[PDB]
Every structure is written in structure tokens, then in C-alpha cells.
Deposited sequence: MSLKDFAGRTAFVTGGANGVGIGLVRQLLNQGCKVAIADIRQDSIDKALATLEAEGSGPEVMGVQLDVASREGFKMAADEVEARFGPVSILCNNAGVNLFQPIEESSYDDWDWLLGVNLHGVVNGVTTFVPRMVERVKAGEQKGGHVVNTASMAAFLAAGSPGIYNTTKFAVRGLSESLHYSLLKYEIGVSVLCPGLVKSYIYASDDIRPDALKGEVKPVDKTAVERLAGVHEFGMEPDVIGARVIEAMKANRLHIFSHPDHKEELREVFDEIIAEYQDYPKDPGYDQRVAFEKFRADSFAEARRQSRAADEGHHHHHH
């Protein structure tokens, strides 16, 4: 992704937290940015303070429930009418609920799936096919999709069960999209933060620091953005344990033929990853 100047970006959950940091840093790269958020009140305050920062003519707000496919289309059309084609999409909207799954209701699944999973599906489905059409037409060159997952996309304990489910799903979506969009040179990253700012609420990473790390990772088309170096050792141990779960099973009939074919699609996939790096 060369040069951000003159590009239009759309950021869901853009009104605060990780979102406002992304918006600010994109602005700092010369992007026009639309803040999309569920609450009009949060949007107005974000716009107020970005105007106070001097970015006024480069930002707009659009009230949006990311769970709504209809709403997402209408919001995209509005932003593209005002600021022109969007080539950067940050699906950053998210909600949480600290509960194990066996204590969670169908209403709880619907609420979290709508915002955390559908929001990303809807963002991707609204914008990516537009991007792909513009690229095939020579009307767009390059672009990026950043989806905010979590370290919960790797490290899943008992709670928050539904959250961990939606974050693993966002990771699988993002990894798949990353490989399918290489041919169009649209980048895809999944942002996997730890704690964002007992004093717990106090020592989380600053959204602006996360934002800077994201911009650099987008420039690299880095698949996994580990904004936090915190979990490296733990994740390595978790990985070692999964590998340790392989059992020393006997060859079933058809094994040699199957592995021969398998090493074949394995080669094509390692080829796709090698081109990604």
C-alpha cells in the first residue's frame, strides 16, 4: 500500500477506543476518514475533538449499526457520495460479554454475532466487491481491510465464550480474505490486541500507539498485527501444546496416496504464504 494521500477510509466503532486511534492516524497519513458508529452522541464528540485538532474538512460521521446489511449499504453510499470511493476499511466495531457459553442465551449469541461477526461480514460484503470492481476497471490501485479481532482469536479460556467464538471467526475470515485478495493487491490484516487503555484500566496500550503500529503493518500487508508483544511466549507454548496433541497413529489404508495429494495442496498454500511475506 503506497501513499495514503487522497484515499478515503471508513472506520466502524470509529468514535473512541481503538477506533479513534485508527481514525487519527489515518488522518495523519492524509486520508479522508468516515467515522461509523452506533451512537450519534459518541460520533459528535469524536468529530468535535478532531475538529479541535484541526482535521475538520477531512472527517465525517455516519450513524450505523454494523449488524444491519441494509444500514451498511446506505452508510457506504453516503460516504462514497461525499468523500468518494473508499479504499481503506477498518471493521473495528465490537462488543463483549463476560460469560461462559453454557450460561449464555440465544439472545446473547445473536447480539454478539451481529456486531462482532456479521459486522465484519457486512463491511466486507458491502465494500470489497466494490473495491474489486474498481481494481479490475483500472479505477483503483491498492487498498486495505483491517478487521479488529483480539488475542482471544488465539487464546480462548472459559469466558468470554461467545466473544472468543466471534474473534476466532474474524481471524478465519481475515486470513481467508488476505489470500484471496492478493491477486487484486488489496491488503488484509487482522488486528489482535491485548489490553487497550487493581489499576487494570490504567496500563492498557494507548489507541494512538496501536494506530501507528497498524499503519506500519498495513504498509507491509502483515496478516497478523500483534500490536502487543506481551503474549509471544504464551502463544509459543500454546502452539507447542497443540502440536503435542498429535498422536503417534498408524498409517491407515490409503495413507501414502493421501499424503502425496496433501503435500500437493500444502505446496500451493505455502506458495501463497511465501508471496504474502
So which bits of the deposited chain never got modelled? 1 to 2, 200 to 228, 309 to 319
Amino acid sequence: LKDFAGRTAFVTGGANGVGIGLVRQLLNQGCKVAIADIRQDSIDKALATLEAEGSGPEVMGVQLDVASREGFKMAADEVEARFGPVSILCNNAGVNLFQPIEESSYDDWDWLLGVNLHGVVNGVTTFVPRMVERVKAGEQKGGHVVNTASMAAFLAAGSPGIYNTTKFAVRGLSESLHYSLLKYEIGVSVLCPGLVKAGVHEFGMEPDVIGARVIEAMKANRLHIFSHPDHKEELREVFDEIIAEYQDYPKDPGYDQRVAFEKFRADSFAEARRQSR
From here on, numbers count along this sequence of modelled residues.
With reference to the PDB entry, specify whether the mean Cα temperature factor is higher for 206 to 214 or for 42 to 50. 42 to 50
Would you tell me which stretch averages the higher CA B-factor in the PDB entry, 103 to 111 or 134 to 142? 134 to 142
Out of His228, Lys251, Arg222, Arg236, which shows the largest CA B-factor listed in the entry? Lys251
Position of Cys192 among the chain's modelled residues by C-alpha B-factor, lowest, middle or highest third: lowest
Where does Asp65 sit by CA temperature factor within its chain: lowest, middle or highest third? middle
Ranked against its chain, the third holding the CA B-factor of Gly158: lowest
Where does the C-alpha B-factor of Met151 rank in its chain, lowest, middle or highest third? lowest
Considering only modelled residues of the same chain, in which third does the CA B-factor of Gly199 rank: lowest, middle or highest? highest
